[PDB]
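Asker: just dropping in an experimental structure and the matching sequence.
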Amino acid sequence: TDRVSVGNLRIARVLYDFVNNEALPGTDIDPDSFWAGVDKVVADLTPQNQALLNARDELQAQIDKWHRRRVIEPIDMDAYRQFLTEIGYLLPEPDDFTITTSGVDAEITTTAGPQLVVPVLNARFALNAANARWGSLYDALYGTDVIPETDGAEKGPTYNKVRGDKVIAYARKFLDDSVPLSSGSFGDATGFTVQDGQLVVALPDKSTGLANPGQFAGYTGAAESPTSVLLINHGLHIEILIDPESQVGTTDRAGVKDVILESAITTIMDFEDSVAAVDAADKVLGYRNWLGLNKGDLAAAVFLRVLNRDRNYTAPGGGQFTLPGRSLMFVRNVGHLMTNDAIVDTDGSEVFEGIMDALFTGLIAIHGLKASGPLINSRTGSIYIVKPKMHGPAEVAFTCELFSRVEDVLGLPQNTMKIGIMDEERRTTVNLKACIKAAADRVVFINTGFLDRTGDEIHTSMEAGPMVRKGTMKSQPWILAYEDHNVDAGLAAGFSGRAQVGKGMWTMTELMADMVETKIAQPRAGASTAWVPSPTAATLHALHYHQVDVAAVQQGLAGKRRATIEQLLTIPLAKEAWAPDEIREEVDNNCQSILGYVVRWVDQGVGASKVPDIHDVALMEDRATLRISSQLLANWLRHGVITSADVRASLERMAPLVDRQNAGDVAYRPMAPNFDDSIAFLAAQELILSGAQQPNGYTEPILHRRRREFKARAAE
Ligand SMILES: O=C(O)C(=O)CC(=O)c1c(F)cccc1F
Ligand SMILES: [Mg+2]
Ligand SMILES: [Mg+2]
Ligand SMILES: [Mg+2]
């Protein structure tokens, strides 16, 4: 009695009102025509959506039976691959082709740099992420472990000048490495001037210019005493702020106050694995934040926080130009699996959620194409949607047809809605060229979502035998081939200069020294973007793109074929391998990370949490990391590595530790000692004990059911 009838649909009133009162005004779309289009698109495309999900089940059943029907020691790769071809899992590779996607912004086609992912249901996080286009290097260095807290350089309640001077020195070296002087070092600079459109750096006994004056991009203030100096390197901007009257500037030999880095070039506003949204009320919260971002007027509490305006500069010659102040925004829709009762049909059947996301996030994104102040997002006229968890090229073609039909409902030009393709399921990996071809006129990135991909690896081969420990997965042959294969397919499809080639998330949110040391591997592998968990991590990962010329790396990689199908298909089976203490560590680690994530998901609707692991390393958890942990334990239980008593005792042992870590939140409900009274604890148990039975190992069916159950209990 809380719904609105439109054709065969029954729409939750909160969603109907949100769309009519907030999303539609200003788009010139007729409300009656919009809702008729929703009815028609749902009716027309739901059968194919269901057909595709049934096809996954039929293929996995055949693969399950194949492994159970054999006894031979190692996979006979020739027989295995021929079988995958017969059942239509491995499809033929199409001829070479070049993508044709047009109307894409420079941040995607050309600029190499970090890409930030943030939960769209958290307005203050989403605001900080959009504002992360520019970030302080001094803050990122001083506040993290990139500068070690050795004797004398420790962080305290007040500024430590010994630490501050290490920060300054680190940044001066970065400047020398990125925008080198004709002679001397930035460490010895005493001042900056702009004379006849050229930057002049004062040294103690002479003056000098840049080795490449073309890296001088502009300044603020008067040319003869600028307030800042703007530089560019590998397409990314660097700004030296000059203020001798500041706390840090007073100590600096040139009065430098900070070094600002262009950081999160693009940001993915996430409706998928980092949020918990199980009904119309939840979906409206997310849609309204996405609306505020595109209209430019989102403002969050704690005083209030707003979106940054663009940045004004004087060109080296003399004109006034402007640089984007905000990250270019993508939105990650949900994939093809789930339904959501935000809309039900006349029989009470829930509507597919990915279909709804395309309609509603596409509608809302129109506001980002028009004046807010200037328009917020795409100046070239595109809407950028990340589509996750697709399995193979028919599922990509379906997304493209869904987008085409939504463009018609919205009165948008065909191919306005672009697609960032996650390569995060095995049947996409091994058919990647065909997947890109299916979206050849819409694709704006491919990205190795390696954590979902690991979950799919385990589930697909669940019946083959026990898998290696999850920490071993990152170095197994299949995943190394998968990473190279993805780059190869992108470059061969003409992505250089046209679309992003992306790699995955750094999850250790406090291990920033390790990130700076290690994550450089991604641009060295030819990735023009990769995922960071925070604005601070975006600023630090920006350093890697100044050190690595990704454009040159991609040109050197052109034409290579560095992964075979046999390599891609190498299942991560454990050899005949573990002492009891290693098995116990794996179980306790997986149970602790499952419980820490799931308890905040089910009881508080939080879809991404920092959860310390068994080694007290803080990890950003979302559904993909949960998918790995629950599938690994399900696999170990399936093949006798551990018993059902092992699992239960581990969960009961780790649950009170998770309770302790959450003891300060008035909204937290402890799981122990009354485990069977905690919907959250039972959800975590169900994710393991029923994991082998979930479709492709997905965690949403259980999580959504258990969160809805919790909401009902809290309302009675
Ligand atoms: O690798 C994949 O499948 C992803 O898609 C990555 C992802 O959501 C994510 C994650 F796993 C941990 C933290 C933050 C995130 F955004
Ligand atoms: Mg994923
Ligand atoms: Mg260079
Ligand atoms: Mg199954």
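Answerer: Looks like it arrived, so ask away. Residues are numbered from 1 along each chain as shown. Ligands and ions are numbered 1, 2, ... in the order given.
Asker: switch to C-alpha atoms for all contacts and neighbour counts from now on
Answerer: Will do.
Asker: what number of residues are in the vicinity of the closest residue to ligand 1 within the stretch 301-450 of the chain?
Answerer: Closest approach of the stretch 301-450 of the chain to ligand 1 (CA to the nearest ligand atom) occurs at residue 449, with a separation of 3.3 Å. When neighbours are defined as other CA atoms under 10 Å, residue 449 has 22 of them.
Asker: who's in contact with it?
Answerer: Shown in contact with residue 449 (CA atoms under 8 Å, 6 or more residues apart in numbering): 422, 423, 424, 503, 504, 505.
Asker: one more: residue 67?
Answerer: 461, 463, 464.
Asker: and these, which is closest to ligand 1?
Answerer: Nearest to ligand 1 among these: residue 461, at 18.0 Å, using CA to the nearest ligand atom.
Asker: next, the contact list for that closest one, please.
Answerer: Neighbour list for residue 461: 63, 64, 67, 571 [criterion: CA under 8 Å, 6+ apart].
Asker: the last one and residue 473 touch, don't they?
Answerer: No: with contacts defined as CA atoms under 8 Å, residue 571 does not count as touching residue 473, sitting 10.5 Å away.
Asker: residue 241 falls within a strand, correct?
Answerer: Yes: the assignment for residue 241 (DSSP: H, G, I helix; E, B strand; the rest coil) places it in a strand.
Asker: one step back: neighbour-wise, which of residue 571 and residue 473 wins?
Answerer: Neighbours per residue (other CA under 10 Å) separate residue 571 from residue 473, with residue 571 holding more: 22 against 18.
Asker: for whichever strand or helix holds residue 712, buried residues please.
Answerer: Element membership for residue 712 (DSSP states H and E) is helix 700-714. By 16 or more other CA atoms under 10 Å, the buried positions in helix 700-714 come out as 700, 702, 703, 704, 706, 707, 708, 710.
Asker: follow-up on the earlier one: closest to ligand 2 out of the contacts of residue 449?
Answerer: Taking CA to the ion as the measure, ligand 2 lies nearest residue 424 of the contacts of residue 449, at 6.0 Å.
Asker: run a quick neighbour tally on the closest one.
Answerer: 26.
Asker: so what's it up against?
Answerer: 388, 389, 390, 447, 448, 449, 450, 451, 452, 453, 454, 456.
Asker: mind redoing it with 6 Å?
Answerer: 448, 449, 452, 453 (CA atoms under 6 Å, 6 or more residues apart in numbering).
Asker: please tell me how far the first one sits from residue 20.
Answerer: In this case it means residue 448. Note on residue 448: its distance to residue 20, by CA to CA, to the nearest Å, is 37 Å.
Asker: do the same with the last one
Answerer: When CA to CA is the yardstick, residue 453 and residue 20 sit 39 Å from each other.
Asker: of the two, give the one with the bigger neighbour count.
Answerer: Using other CA under 10 Å as the criterion, residue 453 and residue 20 rank with residue 453 on top: 25 against 15.
Asker: for that one, which non-adjacent residue is closest in space?
Answerer: In space, and not counting its chain neighbours, residue 453 is closest to residue 424: 4.2 Å by CA to CA, 6 or more residues apart in numbering.
Asker: select the longest strand from the protein.
Answerer: With DSSP state E setting the assignment, residue counts place strand 225-233 as the longest strand in the chain.
Asker: and it, which strands flank it?
Answerer: Strand pairing for strand 225-233, determined by DSSP bridges: strand 216-222 (antiparallel), strand 236-242 (antiparallel).
Asker: next, format those as TSV and append mean neighbour count.
Answerer: Output for the strands paired with strand 225-233, formatted as TSV (neighbours: other CA atoms under 10 Å):
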stretch	mean neighbour count
strand 216-222	20
strand 236-242	21
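Asker: tabulate these (CSV), appending distance to residue 498.
Answerer: CSV is the format used below for those (distance: least, CA to CA, whole Å):
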stretch, distance to residue 498
strand 216-222, 24
strand 236-242, 17
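Asker: right, so of those strands, which gets closest to residue 142?
Answerer: Comparing those by their distance to residue 142 (CA to CA), the top pick is strand 236-242, with 16.7 Å.
Asker: just checking, next helix/strand downstream of the closest one?
Answerer: Using DSSP H and E, the helix or strand that follows strand 236-242 towards the C-terminus is strand 256-262.
Asker: what sits against the residue positioned nearest the centre of the chain?
Answerer: Central residue of the chain (CA atoms, centre = their mean): residue 117, 4.0 Å from the mean position. Counting by CA under 6 Å, 6+ apart, residue 117 makes contact with 267, 268.
Asker: partner residues bridging it?
Answerer: Bridge pairing for residue 117 - DSSP bridges - gives residue 268.
Asker: next to ligand 1, which bits of the stretch 301-450 of the chain? Give me the list.
Answerer: 424, 449, 450 (CA under 6 Å from any ligand atom).
Asker: would you format those as CSV with secondary structure included?
Answerer: CSV is the format used below for those (three-state DSSP):
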residue, secondary structure
424, coil
449, coil
450, helix
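Asker: residue 276: which of these is nearest?
Answerer: Using CA to CA, those come closest to residue 276 at residue 449, 19.3 Å.
Asker: so which strand or helix has the residue in the chain sticking out farthest from the centre?
Answerer: What lies farthest from the middle of the chain is residue 205; by CA atoms, centre = their mean that is 48.8 Å. For residue 205, there is no enclosing helix or strand under DSSP H and E.
Asker: now it: how far from ligand 2?
Answerer: 55 Å (CA to the ion, to the nearest Å).
Asker: ok, and the most crowded of the contacts of residue 449?
Answerer: Most surrounded of the contacts of residue 449: other CA under 10 Å gives residue 423, at 32 neighbours.
Asker: what parts of the chain come near ligand 2?
Answerer: 449, 452 (CA under 5 Å from the ion).
Asker: per the record, what domains does the chain have?
Answerer: 1-133+263-574, 134-262, 575-716 (curated CATH domains).
Asker: that older thread, what's in contact with the helix holding residue 712?
Answerer: So helix 700-714 is in contact with 278, 602, going by CA under 6 Å, 6+ apart.
Asker: again, 7 Å this time
Answerer: The contact list for helix 700-714, computed with CA atoms under 7 Å, 6 or more residues apart in numbering, reads 278, 602, 603, 679, 683, 687.
Asker: that one close to ligand 1?
Answerer: No: judged by CA under 6 Å from any ligand atom, helix 700-714 makes no contact with ligand 1; its nearest approach is 13.2 Å.
Asker: could you export that helix as CSV, CA atoms only?
Answerer: Extracted in CSV, the C-alpha atoms of helix 700-714 (Å, rounded to 0.1, in the frame of the first residue of the first chain):
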residue,chain,number,x,y,z
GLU,A,700,25.1,-10.5,-2.1
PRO,A,701,22.2,-13.1,-1.8
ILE,A,702,23.1,-13.9,1.8
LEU,A,703,24.2,-10.4,2.7
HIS,A,704,21.0,-8.8,1.3
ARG,A,705,18.7,-11.3,3.0
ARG,A,706,20.5,-11.0,6.4
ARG,A,707,20.5,-7.2,6.3
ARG,A,708,16.8,-7.1,5.5
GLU,A,709,16.2,-9.6,8.3
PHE,A,710,18.1,-7.3,10.7
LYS,A,711,16.2,-4.2,9.6
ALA,A,712,12.9,-6.1,10.2
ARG,A,713,13.9,-7.1,13.7
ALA,A,714,15.1,-3.6,14.6
